[PDB]
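Student: First the structure, then my questions, so here it is.
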Amino acid sequence: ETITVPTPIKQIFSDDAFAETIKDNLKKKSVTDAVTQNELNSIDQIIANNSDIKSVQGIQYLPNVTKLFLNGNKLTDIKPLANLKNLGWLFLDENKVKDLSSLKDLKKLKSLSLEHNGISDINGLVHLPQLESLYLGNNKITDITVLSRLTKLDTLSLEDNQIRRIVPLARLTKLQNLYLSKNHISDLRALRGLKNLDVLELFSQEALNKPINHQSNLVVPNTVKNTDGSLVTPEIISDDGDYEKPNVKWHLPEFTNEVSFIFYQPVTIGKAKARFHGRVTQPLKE
């Protein structure tokens, strides 16, 4: 938490690439140059996107840093951020930060970006109800329960995850930019109260029905639902099927292991327009 003698930058900051970042931030000549706690205390901002950083060890001695631009590095461990109590913006897109528990005490964090991190558990974000901006695109998330607590969010991206249940978003009325494309969403009722939306994306959903028994004359309830709960009429039905609301119907004279349908609905929420479209797969059992 502090250094008590002038100390080589390369001593404090174990990663070479991070040492080099600190040297450039402080305008030092070399990584072997002695630094003081007073100089480390002057660091408000580190911009080191795309800098091949494997570890931010030594960052613990920068008590005043409020902004970290660390996108496009190779970080796995953020425990060195745990006690940076003034952190306000933290950009970690394209790393491998999987463990979020170190964010717990960052009560000033307003903007967090963790795109493409292989994240599946975001329950540790329950400790950041003050968050206003949250990018979690391109991860492995299914359960967004904790997001119901993040009621200050005006920006949220969850595109390219494996979310079906969007109920946790319903009360998040501050949302202005919401990115939900490439999930598993069939039902938009949760989004109906988001009257402040300016930007909404709902492209390319994939829904999977629980298996049913094949029948030569198959009847399957349509489950794709607009914000008002109404069923979205399908646009293409597989295997020469047809639609008789509320049901999709197929003549399947031989067994086949699946049918499907594709849907599309232009939707308006708040001030925002989006194309909700996707497909529904119905596996069949012999």
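In the structure tokens, each chain is lettered A, B, ... as it comes, each chain's residues begin at 1, and ligands are numbered from 1 in order of appearance.
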Skip residue 32 (chain A) itself and residues of its chain fewer than 6 positions away, then list as a count of residues only all residues within 12 Å of it, counting only C-alpha atoms.
Tutor: 13
Student: Excluding residue 131 (chain A) and its own-chain neighbours fewer than 2 positions away, which residues fall within 7 Å of it when counting only C-alpha atoms? Please give them as number ranges by chain.
Tutor: A: 109-111, 128-129, 133, 150, 152-153
Student: Within 6 Å of region 212-227 of chain A, counting only C-alpha atoms, which residues qualify if same-chain residues fewer than 5 places away don't, as a VMD selection string?
Tutor: chain A and resid 186 to 189 192 232 246 to 253 284 to 286
Student: Using N, CA and C atoms, can you write the selected residues to a file as a short mmCIF file (atom, residue, chain, number, x, y, z; two decimals), in the first residue's frame?
Tutor:
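This is the output file again07.cif:
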```
data_model
loop_
_atom_site.label_atom_id
_atom_site.label_comp_id
_atom_site.auth_asym_id
_atom_site.auth_seq_id
_atom_site.Cartn_x
_atom_site.Cartn_y
_atom_site.Cartn_z
N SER A 186 -36.47 -15.07 -26.12
CA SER A 186 -37.73 -15.13 -26.89
C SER A 186 -38.85 -14.23 -26.41
N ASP A 187 -38.67 -13.54 -25.27
CA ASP A 187 -39.77 -12.87 -24.59
C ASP A 187 -39.33 -11.49 -24.10
N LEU A 188 -39.95 -10.45 -24.65
CA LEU A 188 -39.55 -9.05 -24.45
C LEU A 188 -40.33 -8.30 -23.37
N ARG A 189 -41.27 -8.99 -22.71
CA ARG A 189 -42.06 -8.36 -21.63
C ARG A 189 -41.19 -7.61 -20.61
N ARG A 192 -40.50 -3.81 -21.35
CA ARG A 192 -41.57 -2.90 -21.69
C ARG A 192 -41.55 -1.54 -20.97
N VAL A 232 -45.13 -13.34 -31.59
CA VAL A 232 -44.62 -12.86 -32.88
C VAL A 232 -44.85 -13.96 -33.98
N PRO A 246 -52.23 -19.85 -32.00
CA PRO A 246 -50.87 -19.60 -31.49
C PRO A 246 -49.83 -20.67 -31.81
N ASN A 247 -50.19 -21.58 -32.70
CA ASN A 247 -49.45 -22.79 -32.89
C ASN A 247 -48.72 -22.82 -34.23
N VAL A 248 -47.53 -23.40 -34.18
CA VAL A 248 -46.82 -23.78 -35.36
C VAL A 248 -47.14 -25.29 -35.60
N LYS A 249 -47.28 -25.65 -36.86
CA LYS A 249 -47.75 -26.98 -37.32
C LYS A 249 -46.93 -27.51 -38.46
N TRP A 250 -46.66 -28.81 -38.41
CA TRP A 250 -45.86 -29.47 -39.38
C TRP A 250 -46.50 -30.86 -39.73
N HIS A 251 -46.54 -31.18 -41.00
CA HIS A 251 -46.74 -32.58 -41.44
C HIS A 251 -45.38 -33.26 -41.61
N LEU A 252 -45.08 -34.18 -40.71
CA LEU A 252 -43.80 -34.89 -40.63
C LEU A 252 -44.04 -36.36 -40.91
N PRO A 253 -44.36 -36.69 -42.17
CA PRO A 253 -44.57 -38.14 -42.48
C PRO A 253 -43.45 -39.12 -42.09
N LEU A 284 -36.95 -33.23 -31.50
CA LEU A 284 -37.98 -34.26 -31.51
C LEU A 284 -37.38 -35.58 -31.15
N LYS A 285 -38.15 -36.37 -30.40
CA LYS A 285 -37.75 -37.65 -29.90
C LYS A 285 -38.57 -38.76 -30.58
N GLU A 286 -37.90 -39.85 -30.92
CA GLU A 286 -38.53 -41.00 -31.55
C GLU A 286 -39.24 -41.86 -30.51
#
```
Student: Please provide as a ChimeraX atom specification all residues within 8 Å of residue 264 (chain A), with the sequence filter that same-chain residues fewer than 2 positions apart are discarded (counting only C-alpha atoms).
Tutor: /A:232-235,262,266,275-278
Student: Set the distance at 10 Å and use only C-alpha atoms: which residues neighbour residue 2 (chain A) once local chain neighbours fewer than 6 positions away are removed? I'd like the list as a ChimeraX atom specification.
Tutor: /A:36-38,40-41,58,60-63
Student: Counting only C-alpha atoms, which of A:279, A:74, A:171, A:271 gets nearest to residue 183 (chain A)?
Tutor: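 Going through A:279, A:74, A:171, A:271 one by one, the smallest distance to residue 183 (chain A) is for A:279.
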